[PDB]
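Peer 1: The file below is coords_4.cif, mmCIF, C-alpha atoms:
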```cif
data_upload
#
loop_
_atom_site.label_atom_id
_atom_site.label_comp_id
_atom_site.auth_asym_id
_atom_site.auth_seq_id
_atom_site.Cartn_x
_atom_site.Cartn_y
_atom_site.Cartn_z
CA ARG A 1 112.77 55.46 -17.38
CA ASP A 2 111.05 53.40 -20.16
CA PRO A 3 110.24 49.80 -18.88
CA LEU A 4 109.28 51.35 -15.43
CA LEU A 5 108.68 47.91 -13.77
CA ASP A 6 109.33 49.03 -10.11
CA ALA A 7 111.07 52.49 -10.36
CA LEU A 8 107.97 54.31 -8.91
CA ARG A 9 108.92 52.90 -5.43
CA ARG A 10 112.75 52.43 -5.37
CA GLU A 11 113.76 55.48 -7.49
CA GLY A 12 110.64 57.52 -6.47
CA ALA A 13 111.92 57.37 -2.84
CA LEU A 14 115.57 58.12 -3.89
CA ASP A 15 114.31 61.29 -5.72
CA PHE A 16 113.34 62.76 -2.26
CA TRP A 17 116.33 61.35 -0.32
CA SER A 18 118.69 63.11 -2.83
CA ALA A 19 116.62 66.35 -2.41
CA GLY A 20 118.42 66.79 1.01
CA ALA A 21 121.10 63.97 1.14
CA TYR A 22 121.44 63.24 4.93
CA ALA A 23 119.04 66.27 5.38
CA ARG A 24 122.29 68.34 5.04
CA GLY A 25 121.24 70.68 2.14
CA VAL A 26 122.78 68.32 -0.55
CA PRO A 27 126.40 69.72 -0.30
CA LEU A 28 127.27 69.85 -4.08
CA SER A 29 124.29 72.32 -4.54
CA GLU A 30 124.37 74.04 -1.08
CA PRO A 31 124.94 77.91 -1.23
CA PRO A 32 128.41 77.74 0.58
CA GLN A 33 129.59 75.57 -2.42
CA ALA A 34 127.83 77.95 -4.96
CA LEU A 35 126.30 75.11 -7.14
#
```
Show me, as C-alpha cells, the structure contained in the file I just sent.

Peer 2:
Amino acid sequence: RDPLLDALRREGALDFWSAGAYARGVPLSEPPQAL
C-alpha cells in the first residue's frame, strides 16, 4: 500500500484470515496440494 488510509485494520485482519482460510490449512498451499 501507499495512501494507507485504513488498510492497517481491514487488510491487516485479512492478512491473518488468509493465513489459514476457514482454518483449513489454506488449500492452494496445503501439503496434499504440494504448493

Peer 1: Atom CA of residue 30 of chain A and atom CA of residue 18 of chain A, how far apart in Å?

Peer 2: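 Straight-line distance from atom CA of residue 18 of chain A to atom CA of residue 30 of chain A works out to 12.4 Å.
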
Peer 1: Could you tell me how far atom CA of residue 4 of chain A sits from atom CA of residue 26 of chain A, in Å to one decimal place?

Peer 2: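 Calculated distance between atom CA of residue 26 of chain A and atom CA of residue 4 of chain A is 26.3 Å.
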
Peer 1: Mind giving me the straight-line distance from atom CA of residue 23 of chain A to atom CA of residue 10 of chain A in Å, one decimal?

Peer 2: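 Separation of atom CA of residue 23 of chain A and atom CA of residue 10 of chain A: 18.6 Å.
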
Peer 1: Edge lengths and centre, in Å to one decimal, as JSON: that's what I need for the box along x, y and z that holds all listed atoms of segment 30-33 of chain A plus 5 Å on each side.

Peer 2:
```
{"center_x": 127.0, "center_y": 76.0, "center_z": -0.9, "size_x": 15.2, "size_y": 13.9, "size_z": 13.0}
```
